[PDB]
Amino acid sequence: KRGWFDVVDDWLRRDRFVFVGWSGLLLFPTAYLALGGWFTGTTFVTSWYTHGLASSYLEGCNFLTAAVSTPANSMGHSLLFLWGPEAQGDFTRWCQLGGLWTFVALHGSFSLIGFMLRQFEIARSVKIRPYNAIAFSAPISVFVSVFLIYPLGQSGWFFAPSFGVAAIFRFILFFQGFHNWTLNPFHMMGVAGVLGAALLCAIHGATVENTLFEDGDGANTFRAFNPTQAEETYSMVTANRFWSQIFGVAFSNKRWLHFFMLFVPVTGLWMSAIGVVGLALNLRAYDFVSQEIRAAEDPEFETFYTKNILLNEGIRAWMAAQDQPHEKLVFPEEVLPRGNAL
Amino acid sequence: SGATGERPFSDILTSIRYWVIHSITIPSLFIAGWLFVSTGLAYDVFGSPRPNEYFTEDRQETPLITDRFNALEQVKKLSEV
Amino acid sequence: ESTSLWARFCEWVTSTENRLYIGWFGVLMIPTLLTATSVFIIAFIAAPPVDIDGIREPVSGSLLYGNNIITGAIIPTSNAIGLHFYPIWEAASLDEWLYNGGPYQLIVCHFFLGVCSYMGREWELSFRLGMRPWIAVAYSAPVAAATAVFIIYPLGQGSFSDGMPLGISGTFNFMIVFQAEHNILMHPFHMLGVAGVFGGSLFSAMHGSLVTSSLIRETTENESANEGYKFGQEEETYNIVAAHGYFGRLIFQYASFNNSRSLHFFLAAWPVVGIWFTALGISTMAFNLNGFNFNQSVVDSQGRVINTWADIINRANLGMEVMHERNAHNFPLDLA
Amino acid sequence: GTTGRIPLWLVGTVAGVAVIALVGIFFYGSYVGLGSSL
Amino acid sequence: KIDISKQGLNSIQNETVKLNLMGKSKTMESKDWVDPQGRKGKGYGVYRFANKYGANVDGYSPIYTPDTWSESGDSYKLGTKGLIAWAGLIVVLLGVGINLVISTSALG
Amino acid sequence: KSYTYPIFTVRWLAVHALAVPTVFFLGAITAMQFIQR
Amino acid sequence: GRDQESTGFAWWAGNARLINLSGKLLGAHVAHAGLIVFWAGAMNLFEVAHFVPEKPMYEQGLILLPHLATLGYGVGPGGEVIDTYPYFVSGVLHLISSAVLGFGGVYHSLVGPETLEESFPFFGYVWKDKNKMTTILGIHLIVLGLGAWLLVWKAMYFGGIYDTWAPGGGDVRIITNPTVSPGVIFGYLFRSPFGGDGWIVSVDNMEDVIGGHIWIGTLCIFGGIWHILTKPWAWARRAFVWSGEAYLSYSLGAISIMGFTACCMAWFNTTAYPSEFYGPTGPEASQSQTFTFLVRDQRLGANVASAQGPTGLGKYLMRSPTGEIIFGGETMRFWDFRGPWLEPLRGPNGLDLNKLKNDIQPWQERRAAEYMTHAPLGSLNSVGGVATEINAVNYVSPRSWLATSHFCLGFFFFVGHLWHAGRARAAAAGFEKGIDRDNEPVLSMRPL
Ligand code: CLA
Ligand code: CLA
Ligand SMILES: CCCCCCCCCCCCCCCC(=O)OC[C@H](COP(=O)(O)OC[C@@H](O)CO)OC(=O)CCCCCCCCCCCCCCC
Ligand SMILES: CC1=C(/C=C/C(C)=C/C=C/C(C)=C/C=C/C=C(C)/C=C/C=C(C)/C=C/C2=C(C)CCCC2(C)C)C(C)(C)CCC1
Ligand SMILES: CC1=C(/C=C/C(C)=C\C=C\C(C)=C\C=C/C=C(C)\C=C\C=C(C)\C=C\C2=C(C)CCCC2(C)C)C(C)(C)CCC1
Ligand code: OEX
Ligand SMILES: [Cl-]
Ligand SMILES: [Cl-]
Ligand SMILES: [Fe+2]
């Protein structure tokens, strides 16, 4: 006698092998298409007419160099639907126009929403706190700023990161040469977050494993544990005294330690996301003007910053001709900045 | 612990029926993938150039899409063999 | 009880009642790390410019010489020195020692001994406290990475000038030149290193969020949840079964660690193994075993080379190669 | 009918060999044909 | 507490595999047992808090429980009739598959 | 004592939603290894 | 075998179940020995089969044949391979010997005695028996000394060793006057590892190489007899952990050092690793480039001594910070490189200007030209040249493979010391399985 919502809710939230839930209605369709779009694009779809490159296994690329490349810059920020004014219903021409990138980017962005809603959905059902969903906001902020916000501030989707291994590497090296992204204080906070989180993961895992209580007679200490055991498996007091005498400071609160393990990585990605938002507008921390004034006036003042500035000039000049074919940059070799010999 | 009502994978992957059924289904999907490429259908469906189709007598350089609302017409001319 | 001087000294050295444990590795760690710390702080603030490339073109790296915190650095030893030992007593004057990049070798040599002794000091305290001795093994991963960029890479390249500068902007110059000469991004070991830190960052966030999500209610809402834990508790402060239930439904039941001991070993192994390989990657690239080179790998039927994303990377690599050390190369090949 | 079960370790072994064979073919194709620079 | 008899491991053919999947070792429970490295046990088994909780993590959540397997999976229902048809179908499809691969290729 | 399980379930669709296309794609990529420029 | 039920070690630590099973542990070590001899034989035959005489050894990815060539097998003057039959019998002899070694490994592992202490007291041992452990150490120390004497017998009585510094060109040479002076030997051992010194990697004569192996052969034999007739003293008994895993960790730390040294030997040394077979070193190739351009620019007409670079330093010739005349450019770092093709142009004060512009032999130019193009630079997929190069040349130097691999092995076996030595102390102390819940040591300490 239950209504549609109740009868459907019963089926969606059934405790099966792979939980579906209400958010699965949004996650699984979009996530499958984003996965399928990437695998299809890296296997058969070319980037010959968008970037002048081969980016599929069928064209001869391998896992490292295959990618689902962005549309041509002339497309601007066109959403590039299968039915849009570009590639009007023609599937094969849609693939040749780079429309598969916006397909993966859009259905992929809604999959991230669906997965984060899934974390809320399951946590409410299991009756626990929603801190895993809050932790997942950081990867979403990275995806939203890097794959959506940054190209939207630039000329078009062409400058978004293409979905591939080497394509991401080109995107990375583009940011050094054109944005000096290493010098940005927001990637610096992002690096500290990621490196700090990797440190915490390793240091906490090792500390627990080396302060374990003897709860068995076997050398294999993995078996001497029960998920329902009330006693702690490792000595926090020994762990605390160890790091107090080795490092000078140690965690004394188990709850604080695990929250810190969550705060460092999330805060890092969020800070890094702010910096990429700034690069979307070319609002970059490219240079220190005081040193540039000093260097120009004094031809003997050199720092590692000025050396990097010259490296960026080399990256921009030797990469623009092929990385930006829409600009039609024909640079004669004499005009390219080149050092002695080499 | 417990189980969610599905048959244990170990049971299915050890049963004779599964291998009798998947000794044809999995091989057939592989062969279909092989024929999808060998018959040239992969090139035609997704439009990737054949190894002898990247350049033409008219165009000896990389293509460039320089139009948005006429991109469908333009990419046909660039892809013309 | 002990009456002998050495018997009393050895008891004090290995005493676990010291605020900071000293131990026998500490009689090596403390003097070396203090020596490196002292010269580093002094050099980072007031060191004169250093002729890093051996071409009589000094590079300023000190705060009092026009750098800020980001651009300040301890410049590596001169290329004229090479791998030759350059202690302060092998220089005619302390001005000459500063000019040739002496402080870099003093820091790097004492610092390498410090981290090796810091690693042993971690083992020693564990033995004195009666715990399992493998925190030092997990610390070998960052030690290997530090040893690779300060010792092994200069060793293979033939000069301490190719070590990582002790500065922020100096680090970036190290990475950019490293990409241009070795294509480190295409090397499978930096790939494993990236998976080590991206995965380690992921696992830290997941483990931290899963434990925080499962905290057993022991406080009110006007107090920090941390207050629910008392240092020295014999009972568990969060429900492991509840956290496993959540993550079990999140992907599927058998993708989750039901065992806290297995989970924490995985939390330690994944980043440590990843950093071990990226440390090896720099060490292997020290002997010029570069990353994958897929330039002009795709050619059409008539032989025309079809570019890929790897070729676009080569274009960026080309730009850095022809600009790093502009005045240092007299001959076309960068064999050094 | 025919009573019996395929041993799990045999399933893993044959599947493991097939995966290794598939990877080997991919590495073989890395040196020949398209994408081989030849 | 947990009952090991209702964990689905009761039909393991090998006793050692049955004990390993149960997280139990009668050998290690004896106080005269000696490690391969020469260390004598302290009287605990694989897990000291077992009995208090009923079992270790191995017995708490096994991943290989043949008791819960379907009995219909122990045998192929079609029997020799199906296998012969399966064997014949394999040969026919193998020949067609090879011919299709050969025909649709630049070979020869 | 006796266990009878359903053959087709949500898990079945998930396994085949990913396995079927993968085996096809694996067959296609294997065919590409023998294509000559 | 055993199981986790009766041992407490899982399958992934399964070989730890052999710690006190001396008989099975013997078969384990003999079987791995058969694998080592098998690989040496199989890889030798693989390299002989894939050997084409139109290329040098270092251009064919051979790492075992150069080791045979340095011993003076099938090589004529100038590092030219004349016959590969000696390389063939080396591979066959190892391959066949691995079969009997493999049989003993399989026999002593599967069906031989589990413990030798009862039936064979001579071979039986318990790790705690320091006396018995030293005898085994002493015995295997003698066979190592005898193995070292084989090298000097080869270099002095059986054909000889390939000398790359031999007068008249590199050739197989009988060593008649090995350098056994204590000052020379101790000079190499306690030399600095830094530039110019290079510790023992800087040995530059076959007289010093086989002079050292005379010392090593003699010391190991005397040390073998010493460690057989004596038991460890009190100072040693209170300094080392006397457990089977502890002895393993000592060896792991030792061969970690040996792994690193082999990495630096293959990378810098040109005597024990002649460039004729292993290719140019890193310093050699960089030194060969400036030598090549010095020679070709002289013919075009230019005073190389007076030529300035953009920086004002000598474009071709400059002075090292110690005063020696050296090649200019970035290769100023490699000024301590010494090679057979370059020493004839070097006088007491450094490179001789007169000889550089009057008496450069064609063979010296050809050597430097060849070494420059085969510089030890390459990619993971063996693409020769710098990272910014096209897929044209399929070459990675054997020095790159030898140095890169044996550094990774050297580092991982250092982690072996850290792991197996930490566990050895904890297990002996008795807390390798965890902290006693009722007897936690920290709980009995004053708070900080
Ligand atoms: C829940 C699953 C889901 C979701 C969220 C999306 C979402 C999206 N898809 Mg996708 N898609 C899906 C499933 C899904 N898809 C499936 C199952 C398939 C078949 C395999 C596809 C195949 C597909 C293709 C081929 C394409 C997309 C595209 C898109 C993007 C824009 C298309 C769009 O929404 O325009 C339309 C907007 C709406 C329909 C708003 C809906 C609001 C409701 C339904 C209105 C109710 C209508 C009703 C008659 C009332 C009348 C109102 C009156 C005023 C007229 C978008 C982000 C395009 C793309 O990738 O961009 C590059 C594209 O080309 N999808
Ligand atoms: C160099 C590698 C090596 C060697 C020499 C050994 C040797 C040994 N292992 Mg071990 N092991 C290894 C690697 C190795 N292992 C690795 C990598 C792992 C992780 C998977 C393990 C995990 C492991 C476990 C869990 C155990 C052992 C055990 C043993 C011992 C007895 C094995 C036995 O009797 O079972 C019998 C094995 C068989 C019947 C099958 C092998 C049949 C032969 C030997 C195969 C080789 C055929 C060969 C080509 C024939 C040519 C020889 C000649 C005719 C030319 C034995 C001395 C057991 C032990 O500790 O003893 C108490 C045991 O518990 N190992
Ligand atoms: C013997 C050689 C010593 C090696 C040097 C060790 C350095 C010690 C550095 C610790 C000082 C940081 C104080 C944290 C503040 C503090 O003391 O909090 C103390 C805190 C203890 O927290 P509790 O567990 O007591 O928390 C209970 C709740 O009340 C929490 O609020 O310890 C930690 O949080 C562990 C994190 C330590 C890791 C610190 C991060 C790294 C330091 C970064 C330094 C920046 C670089 C400066 C260069 C210019
Ligand atoms: C204990 C055990 C183990 C191991 C084992 C082993 C490691 C074994 C080895 C074995 C071996 C190590 C074997 C070997 C063999 C060899 C042989 C059998 C030989 C052969 C040869 C021939 C047959 C001939 C050849 C020839 C010549 C003469 C000339 C040229 C040509 C040719 C090549 C043909 C395992 C892991 C399983 C586990 C379980 C237990
Ligand atoms: C052959 C040859 C040579 C050489 C020779 C020789 C003679 C060698 C030797 C060597 C020796 C003769 C020695 C070495 C080394 C040793 C070591 C490296 C170690 C030590 C160790 C340790 C381990 C210590 C420890 C300690 C003690 C005291 C006890 C306990 C505590 C401790 C741990 C702290 C040459 C060069 C001519 C070149 C050519 C070839
Ligand atoms: O020093 Mn520092 O960066 Ca190793 O590459 Mn050659 O050298 Mn110089 O150039 Mn590139
Ligand atoms: Cl630079
Ligand atoms: Cl140069
Ligand atoms: Fe934890």
Side-chain angles (χ1 to χ4, degrees), chain A residues 209 212-235, chain B residues 1, chain C residues 130 132 234 258-262, chain E residues 1-65 67, chain G residues 1-21 114-115 245 423 426-440:
Chain A
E209 281 305 302
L212 287 176
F213 290 112
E214 183 180 359
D215 299 353
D217 280 7
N220 184 9
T221 61
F222 291 117
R223 304 179 69 187
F225 167 82
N226 184 334
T228 63
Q229 151 187 174
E231 50 278 356
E232 57 172 355
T233 192
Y234 66 98
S235 179
Chain B
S1 59
Chain C
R132 276 139 58 80
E234 70 286 349
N258 216 346
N259 189 326
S260 278
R261 302 193 163 196
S262 298
Chain E
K1 276 279 300 186
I2 180 64
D3 186 10
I4 198 63
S5 298
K6 297 180 300 189
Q7 294 300 98
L9 306 170
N10 292 20
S11 51
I12 294 289
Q13 299 297 331
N14 188 20
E15 175 65 18
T16 285
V17 173
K18 186 179 179 182
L19 291 176
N20 286 340
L21 295 179
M22 279 180 167
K24 297 164 66 63
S25 63
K26 286 181 296 298
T27 310
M28 291 169 41
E29 292 161 13
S30 65
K31 299 188 64 60
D32 62 340
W33 174 73
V34 182
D35 227 13
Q37 56 190 352
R39 299 267 283 98
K40 58 180 57 56
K42 209 196 296 172
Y44 316 144
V46 162
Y47 182 46
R48 166 233 301 270
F49 302 105
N51 186 189
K52 171 186 181 185
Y53 298 107
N56 69 340
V57 62
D58 298 6
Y60 173 79
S61 57
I63 72 181
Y64 185 95
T65 67
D67 276 329
Chain G
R2 290 270 68 175
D3 45 24
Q4 194 174 199
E5 189 274 342
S6 55
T7 57
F9 289 104
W11 64 270
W12 43 267
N15 294 333
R17 305 167 179 172
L18 302 170
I19 293 183
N20 291 331
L21 300 179
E114 280 66 28
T115 56
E245 184 180 18
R423 197 188 185 281
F431 40 69
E432 83 287 4
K433 297 167 181 175
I435 307 175
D436 205 3
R437 307 192 70 99
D438 59 352
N439 312 336
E440 171 177 344

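Below, chains carry the letters A, B, ... as their sequence lines are ordered, and counting in each starts from 1. Worth knowing before you read on, the calculation uses all heavy atoms, side chains too, and leaves out hydrogens, waters and symmetry mates.
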Student: State, yes or no, whether a side-chain contact exists between G:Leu21 and G:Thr115 at a heavy-atom distance under 4.5 Å.
Tutor: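 A side-chain contact under 4.5 Å exists here.
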
Student: Hey, mind stepping through E:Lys24 and E:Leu9 against side-chain contact (heavy atoms from CB on, under 4.5 Å) and telling me if it holds?
Tutor: CA-CA 12 Å; E:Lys24 297 164 66 63; E:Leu9 306 170; over 6 Å; no

Student: CG of A:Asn226 to OG1 of A:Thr233: how many Å apart, nearest 0.5 Å?
Tutor: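 These two atoms lie 10.5 Å from each other.
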
Student: How close do G:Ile435 and A:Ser235 get, heavy atom to heavy atom, and via which atoms?
Tutor: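 Heavy-atom minimum between the residues: CD1-CB, 3.9 Å.
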
Student: Contact between A:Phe213 and G:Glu440 at the side-chain level, heavy atoms closer than 4.5 Å - yes or no?
Tutor: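 Of all side-chain heavy-atom pairs linking G:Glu440 with A:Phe213, at least one is under 4.5 Å.
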
Student: Is the shortest heavy-atom distance from the side chain of G:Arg2 to the side chain of G:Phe9 under 4.5 Å?
Tutor: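 No, every pair of side-chain atoms sits at 4.5 Å or beyond.
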
Student: Determine whether a donor-acceptor pair (N or O, by modelled atom type, separation under 3.5 Å) exists between the side chain of A:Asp217 and the backbone of E:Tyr44.
Tutor: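 Yes; judged by distance alone, with no hydrogens or angles, the pair exists.
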
Student: Can you check whether G:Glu432's main-chain N or O pairs, donor with acceptor, with G:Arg423's side chain at less than 3.5 Å?
Tutor: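 Judged by distance alone, no pair lies under 3.5 Å.
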
Student: Run the numbers on E:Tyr60 and E:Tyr53 for side-chain contact (heavy atoms from CB on, under 4.5 Å), then give the verdict.
Tutor: CA-CA 9 Å; E:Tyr60 173 79; E:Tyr53 298 107; over 6 Å; no

Student: Does NZ in E:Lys6 sit with more than 12 non-hydrogen atoms of other residues, nucleotides or ligands closer than 6.0 Å?
Tutor: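 No - once you tally the heavy atoms of other residues, nucleotides and ligands closer than 6.0 Å, there are 12 at most.
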
Student: Restricting to non-hydrogen atoms, name the atom on A:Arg223 and the atom on E:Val46 that form the minimum distance, rounded to 0.1 Å.
Tutor: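 Closest approach of A:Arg223 to E:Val46, heavy atoms only: CB-CG1, 3.4 Å.
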
Student: A quick test of your reading: do over 12 heavy atoms of other residues, nucleotides or ligands sit less than 6.0 Å from NZ of G:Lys433?
Tutor: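 Yes, because the 6.0 Å sphere around NZ of G:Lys433 holds more than 12 heavy atoms from other groups.
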
Student: I want to check something: taking the side chain as every heavy atom from C-beta on, are G:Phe431 and G:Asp436 in contact at a cut-off of under 4.5 Å?
Tutor: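 When only atoms from C-beta onward are counted, G:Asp436 and G:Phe431 do not touch, as no gap falls below 4.5 Å.
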
Student: Looking only at heavy atoms, which two atoms of E:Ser61 and C:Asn258 are closest? And how far apart?
Tutor: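 Looking at all heavy atoms of both residues, the shortest contact is OG-ND2, 2.9 Å.
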
Student: Report the C-alpha distance between G:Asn20 and G:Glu114 in whole Å, list the side-chain angles of each, state the deciding distance to 0.1 Å, and finish with yes or no for side-chain contact (heavy atoms from CB on, under 4.5 Å).
Tutor: CA-CA 9 Å; G:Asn20 291 331; G:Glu114 280 66 28; over 6 Å; no

Student: For G:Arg437, is there an ion pair with A:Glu231 - N to carboxylate O distance below 4.0 angstrom?
Tutor: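 No salt bridge links A:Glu231 with G:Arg437.
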
Student: Taking atom NZ as the centre, does E:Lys52 end up with more than 12 heavy-atom neighbours from other residues, nucleotides or ligands that are less than 6.0 angstrom away?
Tutor: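 Yes, NZ of E:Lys52 has more than 12 neighbouring heavy atoms, counting only those of other groups under 6.0 Å.
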
Student: State whether a side-chain donor-acceptor pair under 3.5 Å links E:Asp67 with E:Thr65.
Tutor: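 There is no such pair (donor and acceptor under 3.5 Å, judged by atom type) between the side chains of E:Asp67 and E:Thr65.
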
Student: How far apart are the closest heavy atoms of C:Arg132 and A:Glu209, and which atoms are they?
Tutor: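 In this case the closest contact between C:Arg132 and A:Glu209 is NE-O, 2.7 Å.
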
Student: What is the distance from atom OG1 of G:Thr7 to atom CD of G:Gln4, rounded to the nearest 0.5 Å?
Tutor: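 G:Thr7 OG1 to G:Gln4 CD: 6.5 Å, rounded to 0.5 Å.
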
Student: Where is the tightest heavy-atom contact between G:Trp11 and G:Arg17, given as atom of each residue plus distance?
Tutor: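 Nearest pair, atom of G:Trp11 first, then G:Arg17: N-NH2, 3.8 Å.
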
Student: Just by distance, with hydrogens left out, do E:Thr16 and E:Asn14 show a side-chain donor and acceptor under 3.5 Å apart?
Tutor: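 The answer is no; no qualifying pair exists.
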
Student: I'd like to check E:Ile12 versus E:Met22 (side-chain heavy atoms, cut-off strictly below 4.5 Å). Are they in contact?
Tutor: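 E:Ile12 does not reach E:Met22 side chain to side chain.
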
Student: Contact between E:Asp58 and E:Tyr47 at the side-chain level, heavy atoms closer than 4.5 Å - yes or no?
Tutor: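 Of all side-chain heavy-atom pairs linking E:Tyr47 with E:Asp58, none is under 4.5 Å.
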
Student: Could you grab the distance from atom NZ of E:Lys40 to atom OG of E:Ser30, nearest 0.5 Å is fine?
Tutor: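 Reported to 0.5 Å precision, the distance equals 12.0 Å.
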
Student: Looking at CD of E:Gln37 and CD of G:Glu245, how far apart are the two atoms once the value is rounded to the nearest 0.5 Å?
Tutor: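 One gets 7.0 Å once the value is rounded to the nearest 0.5 Å.
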
Student: Nearest 0.5 Å, please: how far is CG in E:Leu19 from CE in E:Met28?
Tutor: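 Taking CE in E:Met28 and CG in E:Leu19, the distance rounds to 11.5 Å.
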
Student: Heavy atoms, side chains only, cut-off 4.5 Å: are E:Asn10 and E:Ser5 in contact?
Tutor: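 The answer is yes, as the side chains (C-beta and beyond) meet within the 4.5 Å cut-off.
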
Student: Out of curiosity, A:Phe222 CZ to A:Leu212 CG, how far, rounded to the nearest 0.5 Å?
Tutor: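 With rounding to 0.5 Å, CZ (A:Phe222) is 8.5 Å from CG (A:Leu212).
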
Student: Under the 3.5 angstrom rule, does the side chain of E:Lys1 hit a backbone N or O of E:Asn51 as a donor-acceptor pair?
Tutor: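 Yes, E:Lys1 side chain to E:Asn51 backbone: donor-acceptor pair under 3.5 Å.
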
Student: Taking the side chain as every heavy atom from C-beta outward, state whether G:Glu5 and E:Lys26 have any atom pair closer than 4.5 Å.
Tutor: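 Contact flag for G:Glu5/E:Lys26 side chains = yes.
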
Student: Looking only at heavy atoms, what is the nearest atom pair of G:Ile19 and G:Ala16, with distance?
Tutor: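 Closest pair (atom of G:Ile19, atom of G:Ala16, distance): CG1-O, 3.2 Å.
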
